[PDB]
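First, one chain by itself: the form deposited in one PDB entry, in structure tokens.
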């Protein structure tokens, strides 16, 4: 009479970077705490590690510039060899008319022959409740924001090879 229901809504976006997979990956994953505020000086005030050594299970916190609060990232998968990174957000993620259980952010960087890379981004929204309503603008906002972080880092690193 009463099923358990869950939706998983996946959005995929790609773009081609002229920066190498290795460099972009290091920028975001290893050196993020320094690079995020430098790349996004008007959006990210601070990026810090609250728990863990940087591997799976690590908890990071981004604090945003202005009255936009802060958010924790819970690191799931860290694969330097394959330039792959996954983390989850658990809090402050509800819409007005759709609660969410979590949002998962995944990127994979794939080298191209030109020695740039394809940046493969994914966002996955996991729904809470017995039904589902998610708008195009929302679903787009999330993957654009995420891909926009990566793009900002790429631009900073091209501009500043030593940081």
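In this text, rigid core is short for the largest set of C-alphas that superpose within 1.5 Å between two forms. Numbering follows the first chain given and starts at 1.
Chemist: Mean C-alpha B-factor higher for 101 to 109, or for 46 to 54?
Modeler: Averaging CA B-factors over each stretch, the winner is 46 to 54.
Chemist: Between 7 to 15 and 21 to 29, which has the higher average C-alpha B-factor in the PDB entry?
Modeler: Averaging CA B-factors over each stretch, the winner is 21 to 29.
Chemist: Looking at 65, 59, 132, 119, which one carries the largest C-alpha B-factor according to the PDB entry?
Modeler: Out of 65, 59, 132, 119, the record gives the largest C-alpha B-factor to 132.
Chemist: Just say lowest, middle or highest third for the CA B-factor of residue 128 relative to the other modelled residues in its chain.
Modeler: Answer is highest: the recorded C-alpha B-factor places it there.
Chemist: Lowest, middle or highest third: where is residue 81 by C-alpha B factor in its chain?
Modeler: Residue 81: CA B-factor falls in the highest third of its chain.
Form deposited in another entry: not shown, discussed below.
Chemist: After fitting the rigid core, tell me which of 118, 95, 59, 132 has its Cα displaced by at least 2 Å between this form and the one not shown.
Modeler: The residue that shifts is 95.
Chemist: Can you tell whether residue 91 sits closer to or farther from residue 97 in that other deposited form than it does here, judged by CA atoms, where the change is 3 Å or more?
Modeler: Relative to the shown form, the pair is closer.
Chemist: Having a change of 3 Å or more in the C-alpha distance between residue 101 and residue 94, I'd like to know whether it is closer or farther in that other deposited form than in the form here.
Modeler: Residue 101 and residue 94 sit farther apart in that other deposited form.
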